[PDB]
Amino acid sequence: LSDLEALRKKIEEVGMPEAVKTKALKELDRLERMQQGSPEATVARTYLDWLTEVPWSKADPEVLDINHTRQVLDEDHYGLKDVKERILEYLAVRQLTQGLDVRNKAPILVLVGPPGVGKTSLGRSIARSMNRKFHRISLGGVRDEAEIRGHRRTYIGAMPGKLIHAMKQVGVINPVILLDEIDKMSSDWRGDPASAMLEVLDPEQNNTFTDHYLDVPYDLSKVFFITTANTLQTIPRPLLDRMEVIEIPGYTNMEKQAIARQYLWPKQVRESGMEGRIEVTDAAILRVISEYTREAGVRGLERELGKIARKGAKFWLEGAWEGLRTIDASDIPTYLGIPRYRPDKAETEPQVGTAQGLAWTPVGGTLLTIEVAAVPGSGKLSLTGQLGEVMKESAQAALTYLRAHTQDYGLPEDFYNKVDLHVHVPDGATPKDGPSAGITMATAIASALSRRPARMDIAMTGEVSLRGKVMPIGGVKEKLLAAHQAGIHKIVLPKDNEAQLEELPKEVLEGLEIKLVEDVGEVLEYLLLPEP
Amino acid sequence: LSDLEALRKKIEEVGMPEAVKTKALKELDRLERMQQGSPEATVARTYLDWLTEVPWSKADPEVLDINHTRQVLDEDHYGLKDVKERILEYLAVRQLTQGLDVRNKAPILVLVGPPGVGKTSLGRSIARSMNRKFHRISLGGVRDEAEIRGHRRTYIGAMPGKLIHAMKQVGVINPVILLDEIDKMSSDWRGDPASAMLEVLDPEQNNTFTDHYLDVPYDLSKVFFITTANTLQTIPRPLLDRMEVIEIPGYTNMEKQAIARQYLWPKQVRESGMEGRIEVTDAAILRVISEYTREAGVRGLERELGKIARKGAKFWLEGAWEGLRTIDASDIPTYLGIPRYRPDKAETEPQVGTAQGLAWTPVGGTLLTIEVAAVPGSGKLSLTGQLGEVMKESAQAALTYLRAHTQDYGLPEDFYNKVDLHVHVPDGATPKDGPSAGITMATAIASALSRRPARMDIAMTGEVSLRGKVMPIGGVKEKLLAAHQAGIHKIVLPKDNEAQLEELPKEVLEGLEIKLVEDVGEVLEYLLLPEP
Amino acid sequence: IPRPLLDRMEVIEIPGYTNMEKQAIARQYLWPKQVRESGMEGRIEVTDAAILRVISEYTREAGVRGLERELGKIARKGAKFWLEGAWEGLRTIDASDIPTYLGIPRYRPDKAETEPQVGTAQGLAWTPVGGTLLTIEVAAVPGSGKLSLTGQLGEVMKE
Ligand SMILES: Nc1ncnc2c1ncn2[C@@H]1O[C@H](COP(=O)(O)OP(=O)(O)O)[C@@H](O)[C@H]1O
Ligand SMILES: Nc1ncnc2c1ncn2[C@@H]1O[C@H](COP(=O)(O)OP(=O)(O)O)[C@@H](O)[C@H]1O
């Protein structure tokens with residue numbers, strides 16, 4: 001109203017395109033009118049201000065040193081040392097990540113892994129090395145283009161989408177932006193946000209992306225995007241373009257202990273301001289890993305170590321008497337209350353029909369159990385979790401296997417006409433291709449129908465054939481890592497997954513007991529205590 | 001005239017950062033426009049006033065010892081059992097982290113608890129401990145970021161958000177800002193104010209928190225924020241980093257009586273100007289708490305004892321009869337009318353099919369009167385109460401268990417496909433969204449389909465799994481507090497939680513009589529009044 | 001009422017009056033008030049039957065506001081029928097000549113004459129504009145079995 005004349009000068013002082021200037025002129029002749037009593041004038045001035053608020057004509061340094069990135073991803077993060085090779089061979093070779101634009105294979109370098117892993121920390125580290133401003137943005141709960149693109153501006157209360165809004169929070173026009181929680185954009189509310197990402201997906205088409213608040217193709221030419229794929233089950237098929245998948249698996253107990261001892265506990269002590277007045281034994285950290293965090297990464301362990309540090313700080317505020325205290329495993333419960341988990345599952349006191357499996361979850365590899373009961377009925381079958389049909393088909397295959405071998409393991413002669421079965425699975429959706437732990441359900445059905453107990457110390461995963469074969473499956477290494485974190489030793493694995501076994505770290509191949517199998521009956525006889 | 005000179009003197013006396021001072025002086029130089037017309041020299045005057053009365057570089061003495069906070073929590077507060085420690089821990093952390101290491105650190109004590117139980121009193125005592133100012137900010141009905149951030153400062157009719165008002169009323173820049181009821185926000189009208197909370201509420205972004213009525217972002221790098229929500233299942237996920245919860249559970253009736261005698265009833269006596277003129281016997285106090293209030297926390301006691309004080313004021317003021325009155329449990333209805341709630345739950349004459357379990361509702365822990373109609377039909381379980389399939393899944397698991405124990409409880413030989421079931425659960429989707437009261441619905445179904453009275457005054461809480469084992473349930477404190485709210489002495493708890501149970505304070509222990517269980521076959525032994 | 005304005009509030013509930021209380025308040029203060037309001041000073045007599053007729057046939061709002069309006073109408077028609085001549089020293093209005101001074105009775109005397117209907121029930125509620133019935137009605141069509149709320153009420157009524 002009063003500064004508009006100055007606003008008239010403020011437009012072209014900072015470099016803006018000329019179509020933007022044309023639409024600003026179209027929205028500019030509408031001035032010289034009262035604002036109050038006219039919300040259209042208010043939203044018009046909001047648009048005029050936004051024409052300047054959005055970033056224009058800035059830059060970031062072009063440093064892409066191979067050795068700098070190597071050191072930044074090496075010394076800061078004691079973990080990795082293997083995926084760092086992959087990101088090196090990708091980026092150091094990749095002069096087409098940005099700066100150079102061609103119509104060829106330029107993948108957006110998706111990051112896949114459980115929430116606990118430091119893929120986001122990898123984003124922080126690579127952004128620090130590249131010296132391009134970092135900003136994540138949440139995408140879960142977003143299913144609308146109007147929630148990602150601008151809100152159509154016709155009345156007061158219109159704002160651009162969180163993409164442009166986030167790019168306003170930074171002071172550059174060529175950033176590297178992590179897209180946190182990019183797993184839940186479903187085309188069910190006002191179009192497909194996947195299409196908005198698709199125009200963004202290309203390194204040159206995003207330069208033509210037009211908002212809805214603003215109506216000009218915005219400049220996305222030298223902007224890199226990296227996406228956090230927390231889910232390891234399914235990917236958006238339209239987003240298949242320009243993919244080279246980068247996956248972060250689970251962590252070994254050795255690696256978790258080392259990372260806790262070297263670059264997480266020191267910073268946790270630092271956040272409390274201590275100079276090292278608290279020390280923790282290695283066995284204490286082992287107990288914290290085992291009996292306090294049943295996760296796939298170090299996210300929960302960070303919180304637990306913070307709890308320990310805060311308890312130590314409060315105890316030290318009771319008086320100045322500590323040159324240094326070492327917190328061994330003896331007094332751990334005095335800082336974290338009751339131990340929240342078992343040291344291992346050797347005290348399970350084997351159940352009857354219950355089995356244990358390795359399921360595919362958005363938190364990556366995870367140990368889970370499957371429960372089945374033989375209730376009288378008409379041989380019907382019930383499931384849990386509104387399951388994907390992959391596990392339903394696995395259950396049907398298990399039933400077919402157990403119908404032809406009723407007399408091989410003392411199963412009832414007709415259990416498909418007189419006894420119904422209720423089956424529970426903690427993870428129901430299973431967008432992962434095929435049943436992740438179908439053989440676990442097969443074992444559970446066999447144990448439940450056998451009217452015999454079943455050992456609970458042994459995890460397994462894979463699929464069953466209609467002929468009783470133990471099918472191969474991907475991600476076996478992650479499930480082995482998850483079982484190792486819980487300490488489950490005897491792991492049953494398909495004979496077809498020897499390739500997955502070779503790449504396992506030597507910290508895994510020693511403390512477990514692998515069991516290569518190709519028939520369901522073998523797995524049945526290696527867990528069921530009595531055969532008849 | 002002299003008004004501009006006075007404003008110049010005021011802006012000279014008041015200090016602020018250099019950019020703010022320079023731009024305020026420039027907009028002061030931008031005066032002399034039409035005062036008695038459209039806002040061009042008046043909104044500028046309002047801007048200058050806003051910049052002059054919002055405080056800059058004004059603070060309070062801070063905490064330098066946990067001993068003073070120890071005393072302020074011991075006296076003028078009943079102690080609050082396990083929450084004696086957590087606040088002291090956090091304050092120790094804050095005291096030790098005063099060497100300017102709070103940025104991107106120092107979480108803010110989200111205080112989850114029912115409105116009745118002392119939360120704002122905790123904040124008031126804490127503020128008194130450090131000698132800080134106090135000011136609440138109600139955010140239970142906020143839907144606009146402009147109610148938090150400002151608004152475009154170009155016209156008259158738009159004021160800054162609640163935060164700027166609260167900073168203005170407080171004479172210093174680092175008060176104890178208590179954000180009321182933050183969880184119950186919504187995003188229905190324009191925008192989403194969740195990002196406003198994210199920016200204001202995190203250090204290293206509070207100084208980055210932007211204002212809109214004042215174009216200059218204001219710095220909250222010193223405010224000891226504290227936030228009291230009621231539900232952890234509704235706060236936005238981004239508002240969980242640096243958000244450590246200090247949970248405040250309900251109260252036992254013994255604690256209610258002990259605090260009524262000390263802080264509540266004497267406050268009412270001082271309120272109605274009846275100092276040392278009327279007494280109340282502890283029998284009357286326990287009658288009041290057990291018959292007139294059925295809420296977690298002691299806010300109801302405030303109203304009830306205020307009513308008693310007012311009635312005493314009227315009865316005295318129509319003529320004194322002695323110097324110190326008295327009252328017992330036999331004449332409470334003379335002062336509060338009909339006792340709304342039964343003094344004891346042993347006189348409930350157990351009903352036919354309905355069971356009653358425990359739940360931690362956000363308003364306060366209470367009992368779900370889970371009702372079951374075993375209407376004859378074709379066999380189906382329709383579950384009302386605005387609930388997801390998690391309640392339906394717990395229902396199906398319990399139904400499976402009873403199907404495994406048909407003849408063990410007089411149940412029909414087949415009832416999954418013979419009698420339809422209606423299961424009304426009054427909003428079981430409360431915090432801990434999902435089945436945390438599966439055994440309650442299990443015994444409800446057992447009573448309903450066995451035509452045997454589900455014993456009342458035994459309020460249970462637990463989980464039923466497909467096999468039948470009663471697995472542990474999180475939060476074995478809120479459940480017991482809700483158990484003792486309704487004056488229930490008999491409680492059924494999973495055995496796997498007894499290790500947690502031993503950690504509970506003696507106030508919740510002695511007043512309750514726990515009969516630990518590990519199966520459903522033993523739960524149906526307690527609450528079935530007859531043997532069959 | 002706003003929650004910020006609900007603290008430090010003590011509620012003093014004043015629901016509507018009762019029919020005999022309505023007669024009593026009309027006889028004690030309302031009727032003399034309106035009689036001196038119009039300009040009449042004691043030459044009109046009104047029987048209690050006429051008062052009850054006014055109350056139960058021309059007012060359904062809780063209280064006396066509608067009664068105030070109806071009694072003002074009575075006073076103004078009395079201004080008619082005394083202004084053109086003092087025919088009588090104290091004119092008496094019974095239940096018979098109440099529509100000569102007012103409109104047609106717009107409400108029934110008693111609800112007992114409702115002649116019970118096949119498929120309707122008479123509810124109760126306190127709508128914050130005044131108490132009222134909830135004449136909830138339902139229907140039974142031969143179909144396949146399904147419930148349909150109608151009236152834009154909450155799902156609790158469907159429950
Ligand atoms: N592979 C890894 N190597 C080193 N550190 C890791 C690794 N994975 C996780 N971390 C640690 O986990 C912590 C949390 O990182 P991050 O997940 O990026 O933060 P946020 O949880 O806020 O996204 C970091 O401090 C990082 O040191
Ligand atoms: N130990 C205590 N526990 C609960 N309430 C208390 C305690 N001590 C005092 N009170 C009183 O209970 C009232 C309710 O406190 P609180 O719940 O914090 O505020 P609000 O009810 O406004 O949320 C306070 O006014 C306080 O005077």
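Scoring rules and cut-offs
- Residues numbered from 1 in each chain as written, not as in the entry; some residues may be left out.
- Chains lettered and ligands numbered in written order.
- Part of a larger assembly, values for the part shown.
- Heavy atoms only, no water.
- UniProt positions renumbered as here; feature names shortened; annotations may be inferred.
- Helix = DSSP H or I, 4+ residues; strand = E, 2+ residues; numbered from the N terminus.
- Buried < 20%, exposed > 50% of the residue type's maximum accessible area, 1.4 Å probe, protein only.
- Contact = heavy atoms within 4.5 Å.
- Areas by Shrake-Rupley, 256 points an atom, 1.4 Å probe, with all protein chains shown as cover.
- Near = heavy atom within 4 Å.
- Polar contact = N/O pair within 3.5 Å; in protein donor to acceptor, adjacent residues only side chain to side chain.
- Nonpolar A, V, L, I, M, F, W, Y, C, P; charged D, E, K, R; others polar.
- Domains from an automatic or database assignment.
- Least-squares fit on C-alpha atoms.
- Buried area = accessible area lost by both parts, 1.4 Å probe.
- Salt bridge = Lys/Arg side-chain N within 4 Å of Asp/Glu carboxyl O.
- Pairing = 2+ DSSP bridges.
- Axes fitted to C-alpha atoms, helices over the stretch in contact; angles between N-to-C directions.
- Parallel < 35°, antiparallel > 145°, perpendicular 65-115°, else oblique.
- Left-handed = near helix turned anticlockwise from the far one by under 90°.

- Its PDB header attributes the entry to cryo-EM and lists the resolution as 3.8 Å.

- Chain C appears in the PDB entry as Lon protease from Meiothermus taiwanensis.

- Going by the annotation in the PDB entry, the name recorded for chain A is Lon protease, with Meiothermus taiwanensis given as the source organism.
- What UniProt states about chain A under its Subcellular location (unreviewed entry) heading is, verbatim, "Cytoplasm".
- Heading Subunit (unreviewed entry) of the UniProt record for chain A holds this comment: "Homohexamer. Organized in a ring with a central cavity."

**Section: the overall build of chain A**
Part 1: Secondary structure assignment for chain A yields 18 helices and 15 strands.
Part 2: Overall, the C-alpha framework of chain A stretches about 90 × 65 × 50 Å when taken along its three principal axes.
Part 3: The buried share of chain A, taken over its 532 residues, is 53%.
Part 4: Counting contacts in chain A only where the partners sit at least 6 residues apart, residues at least 24 apart contribute 77% of the total.
Part 5: Of the roughly 23,600 Å² that chain A leaves accessible, carbon and sulfur atoms contribute 52%.

**Concerning the arrangement of the chains**
Part 1: Most contacts, when the two pairs of chains in contact are compared, are made between chains A and B.
Part 2: At the level of C-alpha atoms, the two units chain A and chain C stay apart, their nearest approach being 25 Å.

**Remarks on the site of ligand 2**
Residues and elements named next belong to chain B.
Part 1: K119, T120, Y251, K267 and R299 are the nearest of the 14 residues found near ligand 2.
Part 2: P115 has a polar backbone atom sitting 2.8 Å from an oxygen atom of ligand 2.
Part 3: A distance of 2.3 Å separates an oxygen atom of ligand 2 from a polar side-chain atom of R299.
Part 4: Here ligand 2, which alone exposes 560 Å², has 84% of that area covered by the protein.
Part 5: Contributing elements (two or more residues each) for the shell around ligand 2: α6 (120–130) and α9 (253–271).
Part 6: For the shell around ligand 2, the residue count by class is six nonpolar, five polar and three charged.
Part 7: Of the domains in this structure, domain 1 (66–247) and domain 2 (253–336) are the two that each give at least three residues to the shell around ligand 2.

**Some points on the relation of the copies chain A and chain B**
Two copies of one chain are present, and they are related through a rotation about an axis combined with an axial shift.
Part 1: For the pair chain A and chain B, the superposition axis carries a translation of 13 Å, the fit reaches an RMSD of 2.4 Å, and the rotation angle comes to 57 degrees.
Part 2: A share of only 2% of interface residues in chain A that are also interface residues in chain B marks the association as one of differing surfaces.

**Comments concerning the interface of chain C and chain B**
Part 1: Each partner contributes to the interface: chain C provides five residues, whereas chain B provides six residues.
Part 2: Area buried by chain C at its contact with chain B is led by C:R8, C:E10 and C:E159, which between them contribute 63% of it.
Part 3: The tally of links from chain C across to chain B stands at one salt bridge.
Part 4: Close ionic contact of B:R310 with C:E10 constitutes a salt bridge, the shortest N to O distance being 3.7 Å.
Part 5: Remark: the boundary between chain C and chain B carries one residue pair in polar contact.
Part 6: Here the side of chain C that touches chain B is composed, by residue class, of no nonpolar, no polar and five charged.

**Observations regarding the pairing of strand β9 (residues 490–494) of chain B**
Residue and element names in this part refer to chain B.
Part 1: Most of β9 is tucked away, with four of its five residues classed as buried.
Part 2: Here five bridges tie β9 to strand β10 (residues 513–517), and the two strands are oriented parallel to one another. Residue pairing across strands places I491 opposite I514, the latter belonging to β10.

**Structural notes on the interface of chain A and chain B**
Part 1: Listed by partner, the interface residues are 41 residues for chain A and 35 residues for chain B.
Part 2: Interface of chain A and chain B: buried area, both sides summed, is about 3,500 Å²; carbon and sulfur atoms make up 59% of it.
Part 3: Counting across the interface, chain A meets chain B through four salt bridges.
Part 4: A:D3 is paired through a salt bridge with B:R30; the nearest N and O atoms lie 3.0 Å apart.

**Regarding the site of ligand 1**
Residue and element names in this part refer to chain A.
Part 1: Residues in close proximity to ligand 1 total 13 residues, the closest being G118, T120, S121, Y251 and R299.
Part 2: Within the contact set of ligand 1, an oxygen atom lies 2.7 Å away from a backbone nitrogen or oxygen of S121.
Part 3: Isolated, ligand 1 exposes 560 Å² of accessible area, and the fraction of that covered by the protein chains is 82%.

**Describing the sheet that holds strand β3 (residues 226–228) of chain B**
All names here are of chain B.
Part 1: What the three strands build is an open sheet, ordered β1-β2-β3; its pairing is parallel. A single partner strand is all that each edge strand has here, and the edge strands are β1 (134–138) and β3. Across this sheet, the average inter-strand angle for adjacent strands is 25 degrees, counted without regard to direction.
Part 2: Pairing of strand β2 (residues 176–180) with β3, which is carried by three bridges, proceeds in the parallel orientation. When the sheet's bridge partners are listed, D180 is paired in β3 with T228.
Part 3: Across the sheet, helix α7 (residues 162–169) is in contact with β1 and β2; its angle to β1 comes to roughly 160 degrees.

**What about the domain arrangement of chain A?**
Residue and element names in this part refer to chain A.
Part 1: When the domains of chain A are assigned, the result is domain 1 (66–247), domain 2 (253–336) and domain 3 (354–527).
Part 2: Centre-to-centre separation of domain 1 and domain 3, based on C-alpha positions: 37 Å.
Part 3: Between domain 1 and domain 3, the contact holds eight residues from the first and nine residues from the second.
Part 4: Across the interface of domain 1 and domain 3, roughly 680 Å² is buried in total on both sides, 61% from carbon and sulfur atoms.
Part 5: Connecting domain 1 to domain 3 are zero salt bridges.
Part 6: Here domain 1 is connected to domain 3 by two residue pairs in polar contact.
Part 7: Residue composition of the side of domain 1 that touches domain 3, by class: three nonpolar, five polar and no charged.

**Here's the deal with the packing of helix α1 (residues 2–13) of chain B against helix α3 (residues 43–53) of chain B**
Helix-helix packing: each pair is described by the crossing angle between the helix axes and the interaxial distance.
Residue and element names in this part refer to chain B.
Part 1: Running from amino to carboxyl end, α1 crosses α3 at an angle of 30 degrees, the nearest separation of the two axes being 10 Å. By the angle between their axes, α1 is roughly parallel relative to α3. The handedness of the crossing between α1 and α3 is left-handed. On the side of α1, the interface is formed by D3, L7, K10 and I11, while α3 contributes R45, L48, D49, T52 and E53.
Part 2: In the contact of α1 with α3, the residues fall into three nonpolar, one polar and five charged.

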